[PDB]
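*Asks:* Just to be clear, this is only the beginning of the complex, oriented as in the whole thing:
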Amino acid sequence: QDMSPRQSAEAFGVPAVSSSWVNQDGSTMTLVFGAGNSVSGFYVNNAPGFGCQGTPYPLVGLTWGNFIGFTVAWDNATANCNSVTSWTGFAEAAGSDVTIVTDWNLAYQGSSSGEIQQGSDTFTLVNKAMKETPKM
Amino acid sequence: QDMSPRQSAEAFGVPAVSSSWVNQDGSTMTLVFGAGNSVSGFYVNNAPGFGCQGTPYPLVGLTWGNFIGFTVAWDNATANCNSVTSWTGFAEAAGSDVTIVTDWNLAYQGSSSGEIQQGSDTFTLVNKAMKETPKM
Amino acid sequence: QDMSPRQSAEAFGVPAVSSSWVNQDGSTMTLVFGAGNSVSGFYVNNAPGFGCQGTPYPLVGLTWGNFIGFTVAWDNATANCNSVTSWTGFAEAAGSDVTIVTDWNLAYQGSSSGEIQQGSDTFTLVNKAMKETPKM
Amino acid sequence: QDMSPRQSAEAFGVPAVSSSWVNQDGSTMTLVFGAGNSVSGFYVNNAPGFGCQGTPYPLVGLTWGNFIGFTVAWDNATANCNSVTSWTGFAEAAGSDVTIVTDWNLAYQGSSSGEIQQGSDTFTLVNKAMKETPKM
Amino acid sequence: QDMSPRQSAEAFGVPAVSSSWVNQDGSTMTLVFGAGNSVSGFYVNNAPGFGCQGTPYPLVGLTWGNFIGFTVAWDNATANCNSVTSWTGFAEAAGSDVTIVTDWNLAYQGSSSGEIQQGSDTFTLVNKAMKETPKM
């Protein structure tokens, strides 16, 4: 019935409970599946024109099968951008790769009220590089 | 420094760490602010045409200030609709009322392919009903 | 020695650690077996004339074998009816169905004095509804 | 909004988060109020004609204001009686004392099926005796 | 080689992680083996001349192999005797019973001074009584 971390990750299409990802903007995140359909990790935004680039912010969400959603609040020790984003989407095998198709909403303060900017990210699974040394 | 539950709730616009809400469809949810910008609670969906209606599903998200994001996976002990939804939005006063303006995304399995349906929910704060009795 | 969740669930008569139930009134609850004979879940009361209807309230109890007891306090973020109810009873097959035969007591505030109302609920196990989709 | 252990105990009518009690049969229990309306402790049954007399069994329940319910499974390391009892009731000041009026149901295995035996216990608060020595 | 609860209990000479015991005075206790050599449980003193008889008091201690030590502070919700006792000893076969042979020290306040009383309790293992009705 209830999914373990590994089974939840396998049902999403990934071997490991920890998984590294990059999107089309070069933005990166780590996804960690846990108990009760949970998802945790960290997101680094490298999207052109976005404040709060280049440092990690925590993410939390939930998953079932190929489907996922997660949110990031743009708050950490380095920089706050007074906004939060949630992604929702699904996972598919796209060759020997694994991708995630998502759409996202970013809620933030505009000139006269709150606004919500929409977008779309496609994430690509990154194989853990076992380098064998820290030289080069 | 960092936001306590009461502080986080206050910053969002609500006097108490737990809060009940209802949207335009009669959908209901409870929101509980915790530490490190966390958000948890339960969602009961009463949206016309939606397949997992009437029972509570866990939600989890994050907040900062007036801004919020959260996710429900459509899986509990009563019913599974093989899908997840994420909401993102902001609080704002509408008189002595408090509302949450959100846009949402629902990722689910279509005929051949993953699909993302989109929409908007507005939530209105519901004061804890204080009866002296369970009799009518 | 001591009962694990799955073991405790099995001994009670149910194949899975989480289970959904409905009584004669359409009242619903979820039951989750844990360690040390524990029982937890949520109750939604739809009993005619009852003042805290339609929303979930936490329950907690204990089990051994076919036998169970649990309590709900009529307090959540939506509504408070200044009362608590305890159920006690046993599981028994009724064909391929599983039922819980319970008697209950509700302690509440009357006109001058604390009062205890009594009754009987029968619960019937509800199989997890497995849709491929949230669309209809 | 949410009650602390002390406030929950005060709302029940007792100074301390821990409280000792004796009923009309000389049965004894300890009540420990916790967070989220919780109640834990231990029950020793000295009721004429009951197996499982004279050792403590854990209790769990919930409370709001003067109202309480809690259950005991007749299982511990000393003796199992394959049954569980839940009490429900209310607290009142009865002179300088504090009492609890409860009714209870005991679910157990009868000769041809499950049965539920009802009863009534009145518990009296016992002041912690500070003896000042273990001699006499 | 770090011991599990079952392994620790088995090395002490009992089949199970929880065990019930009785000493020469009718005093009773429950022993629970944990991780890191740990021991917890509950003690009921029915020794002639001791205050603080007839109610359970937490115990805590450690074990290695056949050897054990544990302490009870004479403080619970019912009564405080402003004193503590420690037991130290060993398990041994006495026929097909299992016993624990122990010496004990009780520290308490005398007429002018701290004092330490000493003696020996021998404990015999009690099989869990499976009565399978609470009738008798």
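*Replies:* Done, it's in. Residues are numbered from 1 along each chain as shown, chains lettered A, B, ... in the order given.

*Asks:* The spatially most distant residue from the centre of chain A: what's it in contact with?
*Replies:* The centre of chain A is farthest from one residue, residue A:112, which by C-alpha atoms, centre = their mean lies 30.0 Å away. Listed by C-beta atoms under 8 Å, 6 or more residues apart in numbering or on different chains, the contact set of residue A:112 is empty. For the C-beta atoms, the positions are set from N, CA and C on the backbone; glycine is no exception.

*Asks:* so is it in a helix, a strand, or just coil?
*Replies:* coil (DSSP: H, G, I helix; E, B strand; the rest coil).

*Asks:* Over to residue A:9?
*Replies:* Look at residue A:9: counting by three-state DSSP, its state is helix.

*Asks:* What is the burial count for it?
*Replies:* For residue A:9, the number of neighbouring residues by other C-beta atoms under 10 Å in any protein chain shown comes to 22.

*Asks:* Would you quantify the distance from it to residue A:88?
*Replies:* 18 Å (C-beta to C-beta, to the nearest Å).

*Asks:* With adjacent residues omitted, what lies nearest to residue A:48?
*Replies:* residue A:25 (6.9 Å; C-beta to C-beta, 6 or more residues apart in numbering or on different chains).

*Asks:* I figured the one you found hits residue A:121, correct?
*Replies:* Yes: counting by C-beta atoms under 8 Å, residue A:121 is a contact partner of residue A:25 at 7.3 Å.

*Asks:* Would you quantify the distance from the residue nearest to the spatial centre of chain A to residue A:121?
*Replies:* The centroid of chain A falls nearest to residue A:29 when counting by C-alpha atoms, centre = their mean (4.9 Å). Distance of residue A:29 to residue A:121, given as C-beta to C-beta: 10 Å.

*Asks:* cool, and residue A:62?
*Replies:* Counting by C-beta to C-beta, the gap from residue A:62 to residue A:121 is 18 Å.

*Asks:* Compare these two and say which is more crowded by neighbours.
*Replies:* Between residue A:62 and residue A:121, residue A:62 has the larger neighbour count (other C-beta under 10 Å), namely 28 against 19.

*Asks:* quick one: whichever strand or helix holds the more buried one to strand B:56-64, angle?
*Replies:* Using DSSP states H and E, residue A:62 maps to strand A:56-64. Calculated by axes from the mean of the first three to the mean of the last three C-alpha atoms, to 10 degrees, strand A:56-64 forms an angle of 170 degrees with strand B:56-64.

*Asks:* now for strand A:56-64, which elements pack on it?
*Replies:* For strand A:56-64, the packing partners by 3 or more C-beta pairs under 8 Å, 6 or more residues apart in numbering or on different chains; DSSP states H and E come out as helix A:5-12, strand A:28-33, strand A:38-44, strand A:67-73, strand B:56-64, strand B:67-75, strand B:79-94.

*Asks:* now for chain F:
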Amino acid sequence: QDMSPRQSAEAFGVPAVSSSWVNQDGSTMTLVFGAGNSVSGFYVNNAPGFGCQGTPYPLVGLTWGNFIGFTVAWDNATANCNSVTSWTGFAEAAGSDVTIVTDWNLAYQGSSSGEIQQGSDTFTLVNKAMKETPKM
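*Replies:* Let me put chain F in with the others:
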């Protein structure tokens, strides 16, 4: 009501929750007062003729007022002496000149059966040395 760590320490006659001690043989220990009468720490045995000397072994016990009991199992990652000891005793406080008078029992394997050796240690409180460099 319940005793806090600081309160439990102050009652015992020491101004901090963590405290350092040495006995007549130069054996040393640290005592950490916690919730629920609890006591934990480490013991370093420098007693002539004892086999498990010079390394720290965990202790646990309980306290009330100026009374205390604790045990040490003679098992850690350096050496095992297949034995356990418990101390019971009382504190005697004049300012920062604080002593614990104790008696102890050592249970171990003799040549033909279990045996218990008795002894007395006097512990004296060591004021934390605040040296401001590791240099000499």
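
*Asks:* again for what packs on strand A:56-64, chain F present now?
*Replies:* Secondary elements touching strand A:56-64 (3+ C-beta pairs under 8 Å, 6+ apart): helix A:5-12, strand A:28-33, strand A:38-44, strand A:67-73, strand B:56-64, strand B:67-75, strand B:79-94.

*Asks:* anything in the longest one near chain C?
*Replies:* In other words, strand B:79-94. Yes: using C-beta under 8 Å from any C-beta of the partner chain, strand B:79-94 comes into contact with chain C via B:79, B:80, B:81, B:82, B:83.

*Asks:* So which of the residues you listed reach chain A?
*Replies:* Checking those against chain A by C-beta under 8 Å from any C-beta, the ones in range are B:80, B:82, B:83.

*Asks:* what about whichever residue of chain A sits closest to chain D, which SS state?
*Replies:* Closest contact between chain A and chain D, by C-beta to the nearest C-beta, is at residue A:36 (18.3 Å). When classified by three-state DSSP, residue A:36 comes out as coil.

*Asks:* on that earlier part again, counting neighbours, which of the ones next to chain A among the residues of strand B:79-94 next to chain C comes out on top?
*Replies:* Going by other C-beta under 10 Å, residue B:83 tops those with 29 neighbours.

*Asks:* and the gap between that residue and chain F?
*Replies:* In this view, residue B:83 and chain F are 45 Å apart by C-beta to the nearest C-beta, to the nearest Å.

*Asks:* what's across from that residue in the sheet?
*Replies:* Using DSSP bridges, the bridge partners assigned to residue B:83 are residue B:108.

*Asks:* Wait, it touches residue B:108, no?
*Replies:* Yes: the pair residue B:83 / residue B:108 is scored as a contact, 3.8 Å apart, by C-beta under 8 Å.

*Asks:* list the contacts for the nearest residue to residue A:75 once chain neighbours are set aside?
*Replies:* Once flanking residues are discounted, residue A:75 sits nearest to residue B:64: 4.8 Å by C-beta to C-beta, 6+ apart. When contacts are counted by C-beta under 8 Å, 6+ apart, residue B:64 touches A:73, A:74, A:75, A:80, A:82, A:83, A:84, B:11, B:37.

*Asks:* What is the burial count for the residue of chain A found nearest chain F?
*Replies:* As assessed by C-beta to the nearest C-beta, chain F sits closest to residue A:35 within chain A, at 27.8 Å. Residue A:35 has 10 neighbouring residues, counting by other C-beta under 10 Å.

*Asks:* what about the nearest residue to it once chain neighbours are set aside, distance to residue C:34?
*Replies:* Counting by C-beta to C-beta, 6+ apart, residue A:5 is the residue found nearest to residue A:35 once chain neighbours are left out, at 6.4 Å. Distance of residue A:5 to residue C:34, computed by C-beta to C-beta: 19 Å.

*Asks:* do residue A:81 as well
*Replies:* For residue A:81, the distance to residue C:34 - C-beta to C-beta - is 41 Å.

*Asks:* one more, chain G:
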Amino acid sequence: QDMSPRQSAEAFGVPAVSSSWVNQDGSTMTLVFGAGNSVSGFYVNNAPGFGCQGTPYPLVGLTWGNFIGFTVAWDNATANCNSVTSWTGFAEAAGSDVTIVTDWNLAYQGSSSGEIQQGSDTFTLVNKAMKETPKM
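*Replies:* The block that follows adds chain G to the chains above:
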């Protein structure tokens, strides 16, 4: 006198429990002071010639007063450089900045042998940037 997070951070010379830092190479880290002298956080290496650049790696360590030590294992979901680094050093005013002066050792596999590289990083405290829109 046992230090709280805020007290520990203040003794190190930073206002807050979390802090962001940058070293002479553009490497970045986040420091989080906890209880029991503890330190945790995340490190991003942008040092010239180092593998495992540009992603966050957990750190952990301890502190007393102005003094700190911490370790990073070069392993995360993105990349493993089969090596670990520790930093040790002290905080000092440099103008109205706050710096940490540190020496470090990196242990890694060389052509035949374990090897240890050494150097110095100086870290400067970065104020949290409150941008209050994610635009730019």
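
*Asks:* Take what packs on strand A:56-64 again, chain G included.
*Replies:* Using 3+ C-beta pairs under 8 Å, 6+ apart, strand A:56-64 sits against helix A:5-12, strand A:28-33, strand A:38-44, strand A:67-73, strand B:56-64, strand B:67-75, strand B:79-94.

*Asks:* Turn the ones you listed into a markdown table, columns for distance to residue A:93.
*Replies:* A markdown table is the format used below for the helices and strands packed on strand A:56-64 (distance: least, C-beta to C-beta, whole Å):
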| stretch | distance to residue A:93 |
| --- | --- |
| helix A:5-12 | 11 |
| strand A:28-33 | 17 |
| strand A:38-44 | 20 |
| strand A:67-73 | 15 |
| strand B:56-64 | 27 |
| strand B:67-75 | 21 |
| strand B:79-94 | 18 |
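
*Asks:* Out of those, which gets nearest to residue G:52?
*Replies:* strand A:28-33 (13.7 Å; C-beta to C-beta).

*Asks:* residues of the closest one that come out buried?
*Replies:* Under the neighbour-count criterion of 16 or more other C-beta atoms under 10 Å in any protein chain shown, strand A:28-33 has A:28, A:29, A:30, A:31, A:32, A:33 buried.

*Asks:* Over to stretch A:120-131?
*Replies:* A:121, A:123, A:125, A:126, A:131.

*Asks:* from these, which two are the most distant?
*Replies:* Across the buried residues of stretch A:120-131 (C-beta to C-beta), the longest gap, 27.1 Å, separates A:121 and A:131.

*Asks:* Pretty sure residue A:34 sits against residue A:6.
*Replies:* No: counting by C-beta under 8 Å, residue A:34 stays clear of residue A:6, with 10.6 Å between them.

*Asks:* So for those two, which sits in the more crowded spot?
*Replies:* Between residue A:34 and residue A:6, counting by other C-beta under 10 Å, residue A:34 is the more crowded of the two (17 against 12).

*Asks:* hey, what's in contact with both of residue A:34 and residue A:6?
*Replies:* Residues touching both residue A:34 and residue A:6 by C-beta under 8 Å, 6+ apart: residue A:17.

*Asks:* Alongside chain C, which residues does chain A contribute?
*Replies:* Residues of chain A lying close to chain C by C-beta under 8 Å from any C-beta are A:1, A:2.

*Asks:* thinking residue A:6 is in contact with residue A:14, fair?
*Replies:* No: between residue A:6 and residue A:14 there is no contact under C-beta under 8 Å: 10.0 Å.

*Asks:* Quick one: residues contacting residue A:122.
*Replies:* Going by C-beta under 8 Å, 6+ apart, residue A:122 touches A:23, A:24, A:99, A:100, A:101, A:102.

*Asks:* Let's see that with 6 Å instead.
*Replies:* When contacts are counted by C-beta atoms under 6 Å, 6 or more residues apart in numbering or on different chains, residue A:122 touches A:24, A:99, A:101.
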